[PDB]
Amino acid sequence: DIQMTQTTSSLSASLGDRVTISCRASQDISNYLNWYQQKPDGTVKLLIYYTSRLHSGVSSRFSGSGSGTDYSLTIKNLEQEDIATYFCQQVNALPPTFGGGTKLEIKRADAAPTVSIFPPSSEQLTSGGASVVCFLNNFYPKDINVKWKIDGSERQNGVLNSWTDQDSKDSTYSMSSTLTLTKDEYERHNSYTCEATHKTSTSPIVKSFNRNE
Amino acid sequence: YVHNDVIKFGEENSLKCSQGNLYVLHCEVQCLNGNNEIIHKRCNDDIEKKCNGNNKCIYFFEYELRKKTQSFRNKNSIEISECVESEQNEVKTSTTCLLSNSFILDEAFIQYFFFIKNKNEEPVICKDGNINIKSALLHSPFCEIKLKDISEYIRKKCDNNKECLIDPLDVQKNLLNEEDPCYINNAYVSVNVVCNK
Amino acid sequence: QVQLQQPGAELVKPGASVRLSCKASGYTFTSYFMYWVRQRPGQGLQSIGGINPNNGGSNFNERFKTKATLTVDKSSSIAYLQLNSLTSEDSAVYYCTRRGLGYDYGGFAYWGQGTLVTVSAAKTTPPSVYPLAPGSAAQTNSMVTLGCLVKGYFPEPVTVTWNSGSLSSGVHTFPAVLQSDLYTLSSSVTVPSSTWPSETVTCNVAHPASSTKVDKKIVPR
């Protein structure tokens, strides 16, 4: 099995930019190299085959080049739609083999999170559980931290966090933070707070409610 | 022996038979057009005119719009119209050497072995006796499926008849429901056949 | 039009095997190899192997020489990938795929949706869905964020839409997280304050593994 190597794991470029993604085979593959785009939803599309032949319907912004072991995918005038993972593949010697892929992220202006907090629903409480939820939406860059407080006391146990991939339409990121405890413990306290610390300010963005209101 | 050649535009292909004469099996052009899409064009007839029935030939392919040189090399040129100059362009073609290009089989009780072109219309004919197919194989060495055994089809359609039409295009289009240009434009057949009585 | 149809999901007990199907249509099945590809959740594409439907002959990538068995049914134009004696590490999406053209340099232009194989002893369980409704708010033009919390289901995937797909912008559906053999996920939607609650907002949660859909209306509290 010919080993394929994509050197860059992850790429960040601005709109309109030109990006190059490289691929290297462990032995001469005589131009039998293909390129694929996998969008965040998992759908795989053929872009280029035989080094440089565009697949039908693919935009001429994509081009391929190379020979021997070394091959390059070029994307001109980057568009938002281009957020994806790009994979090469040799078909010179069966079985075919893929490179490890290169993730492409599109730059945008920094953005503070939009923070919203939700108490447990009546429905969930009726079943005996109590989840407090907090969304930190449409921020940029990726890195963010959230802290939960219950009656002023920081709380770590029972917190489950989840992060989206980069939004294909506005290039932002979003996060969900869910603090779960028993209905009994929930009813032993009054105020609940989630605090988002993001590089767009030293002061956390704070959202809170009181259970008895 | 089958020569399966892949050649660029500009590159000369020089064929020569140690014995026998050339028989062209298929030819295909793949090139960018002015609308920067990959198109397919024929070249079989051109190669046949230069090569078939000769012990040697030489040719190269070139573009409609070119700077015309004066050179003795030019007698070997074959122009392909709608193509525009591009490294993506490519011709794939195969030839083989045979002692005879006739499909009339003169003797009984001896195996004949020969190839049948991509778009053959000439029947195999026993001068004496009737046909009996030992093997009929569909070759497509440039495609991901390289070989199909069509012996049973040819056998039922020809055995115990005086003549047999083996038409790879009709076999593929009508028996195998083939639509892919790789197979349609480049497959060819080899046959092993005997005339009995 | 070329179509390769795969089931959304397979739940397989550890140590058992499963036969994945890939039902092809819109082209002549015997004119192409069928190939298969694996993708573990956060990883890349890995080729498994491919089969010639005319003679049943196949090639395999090294890592799958025993893990995978390829067959076809020419009559019904179905390709099968049998995965043998699975472990949790075989949990992954499995795609079938075929070349766009029959040339030996062809790339893989047609892909099935991929089957998410979950290797686990846990039992299928439908989701509970809870509404995430905002508290009191002034009469201002600040946009309103709503949501739904989905808990207690197994296996993945669940899909979420809003107003049966009508409300498509301003939605974030977050990756599921596994806890105690149960998944939890959530989705948010942000709408103009002029619309909800007079215009209704409902989240629609689909869980094909349990054949269940839950349509949770978000109501002011």
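What counts, and where the lines are drawn
- Residues carry numbers counted from 1 along their chain as the sequence is written. These may differ from the entry numbering, and residues without coordinates are not shown.
- The order in which chains are written sets their letters, starting at A; the order in which ligands are written sets their numbers, starting at 1.
- Only hydrogens and water are set aside; all other atoms, that is, all heavy atoms of the structure, feed into the side-chain values.
- Residues count as neighbours in contact if any of their non-hydrogen atoms are within 4.5 Å of one another.
- Buried surface area refers to the total accessible area, computed with a probe of radius 1.4 Å, that the two partners give up upon joining, counted for both partners together.
- Two N or O atoms form a polar contact when they lie within 3.5 Å of each other; inside protein one atom must be a possible hydrogen donor and the other a possible acceptor, and for residues adjacent in sequence the pair counts only when both atoms belong to side chains.
- Polar here means any residue outside two lists: the nonpolar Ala, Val, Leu, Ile, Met, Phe, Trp, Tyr, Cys and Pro, and the charged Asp, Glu, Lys and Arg; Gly therefore counts as polar.
- Each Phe, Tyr or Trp ring (for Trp, its six-membered ring) is paired with any other whose centre lies within 6.5 Å, and the angle between the two planes then decides the class: stacked below 30 degrees, edge-to-face above 60, tilted in between.
- Each helix is a run of DSSP H or I of at least 4 residues and each strand a run of E of at least 2, with the numbering of both proceeding from the N terminus.
- Only protein chains enter the accessibility calculation, which uses a 1.4 Å probe; a residue is then buried when its area is under 20% of its type maximum, exposed when over 50%, and partly exposed in between.
- Strands pair, by our definition, only if DSSP identifies at least two bridges between them.
- For the purposes of this description, domain bounds are those given by an automatic or database domain assignment.
- The working definition used for a salt bridge is a side-chain nitrogen of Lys or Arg within 4 Å of a carboxyl oxygen of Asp or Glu.

In the PDB archive, X-ray crystallography is given as the structure determination method for this entry, at a resolution of 1.9500 Å.

The name that the PDB entry assigns to chain C is FAb fragment - VH chain, with the source organism given as Mus musculus.

Under the annotation held in the PDB entry, chain B carries the name Surface protein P113 and is attributed to Plasmodium falciparum 3D7.

## Focus: the interface of chain B and chain A
The interface is formed by five residues belonging to chain B together with five residues belonging to chain A. When the two sides are added together, the surface that chain B and chain A hide from each other amounts to roughly 440 Å², 29% of it contributed by carbon and sulfur. Contact with chain A buries surface across chain B, with B:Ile38, B:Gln88 and B:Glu90 losing the most and accounting together for 75% of the total. Here chain B and chain A share four residue pairs in polar contact between them. Residues belonging to the side of chain B that touches chain A are distributed by class as follows: one nonpolar, two polar and two charged.

## Points about the packing of aromatic side chains
For the structure shown, the criterion picks out 26 aromatic pairs over all chains. Considering the side-chain rings of A:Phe118 and A:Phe135, the 5.9 Å spacing of their centres and the 70° angle between planes classify their relative orientation as edge-to-face. You can see A:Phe118 sitting in strand β12 (residues 114-118) and its partner A:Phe135 sitting in strand β13 (residues 129-139), a full 17 residues away along the chain. Judged by its relative accessible area of 1%, A:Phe118 is buried. For A:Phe135, a relative accessible area of 0% translates into the label buried. Aromatic pair C:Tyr35 and C:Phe108: ring centres 5.0 Å apart, planes at 70°, arrangement edge-to-face. Of this pair, C:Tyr35 sits in strand β4 (residues 34-39) while C:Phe108 sits in strand β10 (residues 108-111), placing them 73 residues apart in sequence.

## With respect to the environment of B:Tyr153
Residue and element names in this part refer to chain B. As for its position among the elements, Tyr153 is in helix α2 (residues 151-158). With a relative accessible area of 43%, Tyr153 lands in the partly exposed category. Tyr153 sits 22 residues away from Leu175 along the chain, and the two C-alpha atoms are 8.6 Å apart. Sequence-distant contacts of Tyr153, that is, excluding residues within four places in its chain, are made with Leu175 and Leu176.

## Side note on the sheet that holds strand β3 (residues 19-25) of chain A
All names here are of chain A. If you trace the four strands from one edge of the open sheet to the other, you get β1-β3-β8-β7, paired in antiparallel fashion. The sheet terminates laterally at β1 (4-5) and β7 (62-67), the two strands that pair on one side only. By the bridge criterion, six bridges tie β7 to strand β8 (residues 70-75) in an arrangement that is antiparallel. Looking at the pairing, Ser65 lines up with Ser72 of β8.

## A word on the domain arrangement of chain C
Residues and elements named next belong to chain C. When cut into domains, chain C gives domain 1 (3-119) and domain 2 (128-218). Between the C-alpha centres of domain 1 and domain 2 the distance comes to 34 Å. For the pair domain 1 and domain 2, the summed buried area comes to about 330 Å², and 85% of that belongs to carbon and sulfur atoms. The three residues of domain 1 that bury the most area against domain 2 are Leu11, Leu116 and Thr118, which together make up 78% of that side's buried surface. At the boundary of domain 1 and domain 2, one finds zero salt bridges. One can count zero residue pairs in polar contact joining domain 1 with domain 2. At the level of elements, β2 (9-12) and β11 (115-119) are the ones that each hand at least two residues to the side of domain 1 that touches domain 2. Looking at the side of domain 1 that touches domain 2, its residues break down into three nonpolar, one polar and no charged.

## Details of the side chain of B:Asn76
All names here are of chain B. If you trace the backbone, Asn76 turns up in the loop between β5 (56-63) and β6 (77-80). Residue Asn76 is classed as buried on the basis of its relative accessible area, which comes to 13%. Those residues in contact with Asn76, other than ones at most four positions away along the chain, are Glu12, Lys50, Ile58, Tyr59 and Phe60.

## Focus: the domain arrangement of chain B
Residue and element names in this part refer to chain B. What the domain assignment lists for chain B is domain 1 (2-97) and domain 2 (102-196). Domain 1 and domain 2 are separated by 26 Å when their C-alpha centres are compared. With 16 residues of domain 1 at the interface, the matching set in domain 2 holds twelve residues. Each partner contributes to the roughly 1100 Å² buried at the junction of domain 1 and domain 2, and carbon and sulfur atoms together form 60% of this total. Considering only the surface of domain 1 that becomes buried against domain 2, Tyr23, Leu25 and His26 emerge as the three largest contributors, covering 44% of it. Across the domain 1-domain 2 interface, the total number found is one salt bridge. Between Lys117 and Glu48 there is a salt bridge whose closest N-O contact spans 3.4 Å. On inspection of domain 1 and its partner domain 2, the count reaches six residue pairs in polar contact. Breaking the side of domain 1 that touches domain 2 down by element, the ones donating at least two residues are β1 (2-7), β3 (21-32) and β7 (90-98). At six residues, β3 tops the list of elements feeding residues into the side of domain 1 that touches domain 2. A breakdown of the residues in the side of domain 1 that touches domain 2 according to their chemical character gives six nonpolar, six polar and four charged.

## Notes on the interface of chain A and chain C
Chain A puts 44 residues into the contact, and the matching count from chain C is 41 residues. Approximately 3500 Å² of surface area, both sides summed, lies buried where chain A meets chain C, with 62% of it carried by carbon and sulfur atoms. Along the contact surface separating chain A from chain C lie one salt bridge. Our enumeration of links across chain A and chain C arrives at 14 residue pairs in polar contact. Ranked by residues supplied to the side of chain A that touches chain C, first place goes to β13(A) with five residues. Along the lines of polarity and charge, the residues of the side of chain A that touches chain C split into 19 nonpolar, 21 polar and four charged.

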